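Novice: One structure follows; several queries about it will come next.
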Amino acid sequence: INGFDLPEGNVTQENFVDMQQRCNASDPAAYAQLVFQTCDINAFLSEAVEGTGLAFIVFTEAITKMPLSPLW
Amino acid sequence: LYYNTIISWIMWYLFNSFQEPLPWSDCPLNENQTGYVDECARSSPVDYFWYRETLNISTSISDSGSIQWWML
Amino acid sequence: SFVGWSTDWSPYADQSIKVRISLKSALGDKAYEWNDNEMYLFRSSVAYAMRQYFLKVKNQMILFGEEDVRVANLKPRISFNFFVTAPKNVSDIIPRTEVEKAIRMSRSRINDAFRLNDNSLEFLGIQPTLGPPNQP
Amino acid sequence: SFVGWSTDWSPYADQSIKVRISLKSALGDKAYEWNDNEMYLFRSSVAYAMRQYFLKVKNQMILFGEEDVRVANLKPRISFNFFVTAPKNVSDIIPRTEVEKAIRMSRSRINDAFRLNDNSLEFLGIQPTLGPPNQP
Ligand SMILES: *[C@@H]1O[C@H](CO)[C@@H](O[C@@H]2O[C@H](CO)[C@@H](O)[C@H](O)[C@H]2NC(C)=O)[C@H](O)[C@H]1NC(C)=O
Ligand SMILES: *[C@@H]1O[C@H](CO)[C@@H](O[C@@H]2O[C@H](CO)[C@@H](O)[C@H](O)[C@H]2NC(C)=O)[C@H](O)[C@H]1NC(C)=O
Ligand SMILES: *[C@@H]1O[C@H](CO)[C@@H](O)[C@H](O)[C@H]1NC(C)=O
Ligand SMILES: *[C@@H]1O[C@H](CO)[C@@H](O)[C@H](O)[C@H]1NC(C)=O
Ligand SMILES: *[C@@H]1O[C@H](CO)[C@@H](O)[C@H](O)[C@H]1NC(C)=O
Ligand SMILES: *[C@@H]1O[C@H](CO)[C@@H](O)[C@H](O)[C@H]1NC(C)=O
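Protein chains in written order, with the deposited numbering: chain A, 345 to 416; chain B, 127 to 198; chain C, 602 to 737; chain D, 602 to 737.
Shown next as structure tokens:
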């Protein structure tokens, strides 16, 4: 969106991959500087933290993104 | 002997509650208030509250320092 | 020499400031439509910001209008470049380093006219810096 | 007949809208100074409000500018009368009942440009009406 000038609510999760190829077929040499991520679940669920990190760097990070943070 | 040090770490995170911006929610500023602290930006802020503001950890088991008053 | 030309260079391009506006992230619902009347209010807000900077820093009274803010390259994602000239002298482009200081003074005032806050109205070369968090 | 004249009647007086601004009650401290640049932003905000009303109600595109908003009787307490004319026709004063409908549509937008809220920026003939309190 910051590289191809598209509306806001344009190119959501349902239409990521088809809008990847609509841009590179529209104009080449502007897709080559784009840095994308290969992030996917079963890689975010699969960290091997154990022993003290499951309460001090994993559980307390998910508490800050809840509604009432200093009560949970 | 060592399970009374884990409870020592647990009640340190209990004293640092009772404030709405939790101390493990955002990075501190360094000296000139223009950028973050360097290892809070490369790592996570929560990962920064454990190793530098709770433990003040060293790089090895050979290098040890003072008694670290708050923990005491 | 170089035979040929590139259709990207422009005589006003090195003094332009790119503005990028994301309306449906700062508001989502209850978000207004960006027609030509909203571009009029933006050009009068930049002309307000240039008037205050020349009065409170340089002690000059220069009557910038909304016709001195020249907007190019309008896109759907709400993007344009702009540059500010003298009020009745089209040859006299204000340099970019003084338009950046004028917007930095009144960025809190331009943001409130459009209900955006510093991340949905970004100026691409002007970043927010200030604010020390000394709570306790 | 009546021999003599009164120095209060004016040919633009029955189509004027009095604006009263109380800056040090909505802000108190952190309150800006009201110089001639703030009067420029007010005249461009009213000209923005007239542009949106003629587009979204009457489907006309009339390019009101800040020179079509004529401000008289400026006082220290921040008070003035204003009236809006046609863009290049000084004889064509917009009637007061349509300027009142134009400000009523965009009163939430004019208020946000000056950090006032509906009681420190009053228009003296335009009162806020809406809002039912159905909480439970
Ligand atoms: C409009 O602005 C330009 C500058 O952008 C003025 O041009 C200057 O003119 C003086 C004398 O005429 C020269 O000494 C300068 O070198 C010129 N500036 C540049 C950048 O070349 C021009 O005079 C202005 N016009 C008016 C009517 O004031
Ligand atoms: C400026 O506005 C006035 C109205 O305020 C216009 O005057 C009208 O002119 C037509 C024909 O010329 C008459 O039939 C109307 O009776 C006039 N109106 C009034 C209120 O007397 C005038 O034409 C406008 N000028 C321009 C150039 O459009
Ligand atoms: C994204 O843009 C395309 C291009 O016009 C449009 O057809 C589509 O409706 C847009 N998507 C959304 C969610 O607005
Ligand atoms: C656009 O880039 C992607 C990513 O490498 C590539 O797979 C695709 O083939 C490119 N499109 C064209 C038309 O080459
Ligand atoms: C950062 O702070 C140091 C002093 O701690 C100062 O010398 C330096 O100029 C500052 N950097 C910036 C960009 O302000
Ligand atoms: C521990 O913290 C103190 C300040 O509280 C600091 O001076 C010292 O360098 C820290 N220890 C290490 C190993 O960085």
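All C-beta atoms in this analysis are idealised placements derived from N, C-alpha and C, irrespective of residue type, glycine included.
Please tell me whether, using a cut-off of 7 Å, the distance from the CB of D630(D) to the nearest non-hydrogen atom of ligand 2 is below it.
Specialist: In the fourth sequence, the residue the question calls residue 630(D) occupies position 29. Result no, Cβ not under 7 Å from ligand 2.
Novice: Do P411(A) and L148(B) come within 8 Å of each other at the CB atom, strictly closer than that value?
Specialist: One-based indexing of the second sequence puts residue 148(B) at position 22. One-based indexing of the first sequence puts residue 411(A) at position 67. No, the pair does not count as a contact, with Cβ atoms beyond the cut-off.
Novice: Going by Cα to Cα distance, which pick from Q364(A), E352(A), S370(A), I385(A) is closest to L378(A)?
Specialist: To locate residue 378(A), count along the first sequence from 1; it is residue 34. When only C-alpha atoms are compared, the closest one is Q364(A).
Novice: For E667(C), collect the residues of the same chain with a Cβ closer than 7 Å to its Cβ; drop the 5 residues on either side in sequence, then sort them by chain order.
Specialist: As a position in the third sequence, residue 667(C) is number 66, starting the count at 1. Excluding positions up to five away in sequence, the list reads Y641, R644, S645, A648.
Novice: Can you find at least 3 beta carbon pairs, one from the stretch 651 to 667 of chain C and one from the stretch 624 to 637 of chain C, that sit closer than 8 Å?
Specialist: No, the stretch 651 to 667 of chain C does not touch the stretch 624 to 637 of chain C.
Novice: List the DSSP bridge partners of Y162(B).
Specialist: For the purposes of this step, residue 162(B) is taken as residue 36 along the second sequence, with counting starting at 1. In DSSP, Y162(B) forms a bridge with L155(B).
Novice: Specify, as a first and last residue, the run of the beta strand (DSSP E) that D630(D) falls within.
Specialist: The sequence position of residue 630(D) within the fourth sequence is 29, counting from 1. Premise fails: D630(D) is in no beta strand (DSSP E) and is neither H nor E.
Novice: Roughly how many angstroms lie between the CA atoms of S390(A) and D384(A), to the nearest whole one?
Specialist: Within the first sequence, the letter at position 46 stands for residue 390(A). Within the first sequence, the letter at position 40 stands for residue 384(A). Roughly 11 Å separates the two Cα atoms.
Novice: If we call anything under 8 Å between Cβ atoms a contact, is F715(D) one with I618(D)?
Specialist: Reading the fourth sequence from its first residue, position 114 is the one you call residue 715(D). Reading the fourth sequence from its first residue, position 17 is the one you call residue 618(D). No, they are not a contact pair.
Novice: By the criterion of Cβ-Cβ separation under 8 Å, what are the contact partners of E405(A) in chain B?
Specialist: The residue given as residue 405(A) occupies position 61 in the first sequence. The contacting residues are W150, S170, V172.
Novice: Starting from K657(D) and walking both ways along the alpha helix (DSSP H), at which residues does that stretch end?
Specialist: Here residue 657(D) refers to the residue found at position 56 of the fourth sequence. Its alpha helix (DSSP H) spans residues 637 to 657.
Novice: Specify the secondary structure class of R678(D) as computed by DSSP and reduced to three states.
Specialist: By 1-based counting over the fourth sequence, the position of residue 678(D) is 77. Reduced to three states, the DSSP call for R678(D) is coil.
Novice: Tell me which residues share the same chain as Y375(A) and place their Cβ nearer than 7 Å to its Cβ, disregarding the 5 neighbours each side in the sequence.
Specialist: Translated into the one-based positions of the first sequence, residue 375(A) becomes position 31. Same-chain partners within the cutoff: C367, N368.
Novice: With three or more beta-carbon pairs closer than 8 Å as the criterion, would you say the stretch 165 to 185 of chain B touches the stretch 388 to 407 of chain A?
Specialist: Verdict: yes, contact present.
Novice: Would you kindly work out how many angstroms separate the C-alpha atoms of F665(C) and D609(D), rounded to a whole number?
Specialist: Against the third sequence, residue 665(C) aligns to sequence position 64. Against the fourth sequence, residue 609(D) aligns to sequence position 8. Cα-Cα distance, rounded: 34 Å.
Novice: Going by other Cβ atoms of all chains shown within 10 Å of its Cβ, with 16 needed for buried, is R710(C) buried or exposed?
Specialist: Taking the first residue of the third sequence as 1, we reach residue 710(C) at position 109. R710(C) comes out buried.
Novice: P351(A): beta carbon under 7 Å from a heavy atom of ligand 3?
Specialist: For the purposes of this step, residue 351(A) is identified with residue 7 of the first sequence, where counting begins at 1. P351(A): yes, Cβ under 7 Å from ligand 3.
Novice: Taking only heavy atoms of ligand 5 into account, decide whether any of them is closer than 7 Å to the Cβ of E157(B).
Specialist: Your numbering for residue 157(B) matches position 31 in the second sequence. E157(B) Cβ: within cutoff of ligand 5.
Novice: From the beta carbon of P733(C), is the nearest beta carbon of chain B less than 8 Å away?
Specialist: In the third sequence, residue 733(C) corresponds to position 132, counting from 1. True, the Cβ-Cβ gap to chain B drops below 8 Å.
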